[PDB]
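Peer 1: Pasting an experimental structure, sequence included:
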Amino acid sequence: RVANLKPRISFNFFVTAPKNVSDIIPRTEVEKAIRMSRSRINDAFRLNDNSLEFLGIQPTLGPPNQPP
Amino acid sequence: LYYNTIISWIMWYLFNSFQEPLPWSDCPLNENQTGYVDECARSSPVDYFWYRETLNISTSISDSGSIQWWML
Ligand SMILES: *[C@@H]1O[C@H](CO)[C@@H](O[C@@H]2O[C@H](CO)[C@@H](O)[C@H](O)[C@H]2NC(C)=O)[C@H](O)[C@H]1NC(C)=O
Ligand SMILES: *[C@@H]1O[C@H](CO)[C@@H](O)[C@H](O)[C@H]1NC(C)=O
Ligand SMILES: *[C@@H]1O[C@H](CO)[C@@H](O)[C@H](O)[C@H]1NC(C)=O
């Protein structure tokens, strides 16, 4: 369910159960689902993690241990 | 005597070339890989490569430490 659409290109969204409008999925579980498939949503729109931000979900991992 | 230490510093930056991400281009991670090192974020990464990864500088001229092998 999408609300508050703007020209800058911003909106809010929340996720409900498939045919139960009273059952809103909690936000901390939608944050875990987006973290699992963030690289797959970025490739579908040709954006890369700084031009598609989620405002409360920040990218974490990745050690730069280059030289052997 | 001291102009041969400036050339000692210059050829340290020459050995740390020949790699495409240069070592003074980005901040290192600390222990848990979640945030940067604290003084690399308040200062600049280049300003961090000189005072902590080349010189390992102290806070005064009174406080001195070991010989700092790489420089030697
Ligand atoms: C739709 O989802 C709501 C949850 O928001 C379900 O409501 C629960 O219903 C059970 C028994 O019917 C209660 O014990 C729970 O306390 C209710 N939850 C809340 C938060 O009050 C509702 O049953 C769902 N409807 C269908 C058809 O599955
Ligand atoms: C940061 O690393 C320390 C260990 O060096 C650890 O105890 C701490 O939990 C870590 N912080 C986070 C937010 O992971
Ligand atoms: C110099 O570097 C060593 C590790 O290479 C570190 O243990 C030491 O604390 C550093 N000196 C100062 C004054 O921070």
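Peer 2: Structure's in. What do you need? Numbering: from 1, shown residues only, chains lettered A, B, ... in the order given. Ligands and ions are numbered 1, 2, ... in the order given.

Peer 1: Tell me, how many residues neighbour residue B:48?
Peer 2: 20 (other Cβ atoms under 10 Å in any protein chain shown). For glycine as for every other residue, the C-beta is placed from the backbone atoms N, C-alpha and C.

Peer 1: which residue packs closest to it, ignoring adjacent ones?
Peer 2: residue B:40 (4.4 Å; Cβ to Cβ, 6 or more residues apart in numbering or on different chains).

Peer 1: what element comes up after the helix or strand containing that neighbour heading to the C-terminus?
Peer 2: Applying DSSP states H and E as the criterion places residue B:40 in helix B:38-42. As assigned by DSSP H and E, the chain's next helix or strand after helix B:38-42 is helix B:45-51.

Peer 1: Around ligand 1, pick out the residues from chain B.
Peer 2: Contacts of chain B with ligand 1, taken as Cβ under 6 Å from any ligand atom, are absent.

Peer 1: distance of residue A:35 from residue B:46?
Peer 2: 33 Å (Cβ to Cβ, to the nearest Å).

Peer 1: And the strands in the chain, which stretches?
Peer 2: Assuming you mean chain A. A:2-3, A:12-13, A:16-17, A:20-24 (DSSP state E).

Peer 1: not quite, I wanted chain B
Peer 2: Going by DSSP E, chain B shows no strands.

Peer 1: For it, what lies in contact range of chain A?
Peer 2: Contact residues (Cβ under 8 Å from any Cβ of the partner chain) of chain B with chain A: B:21, B:26, B:28, B:29, B:33, B:34.
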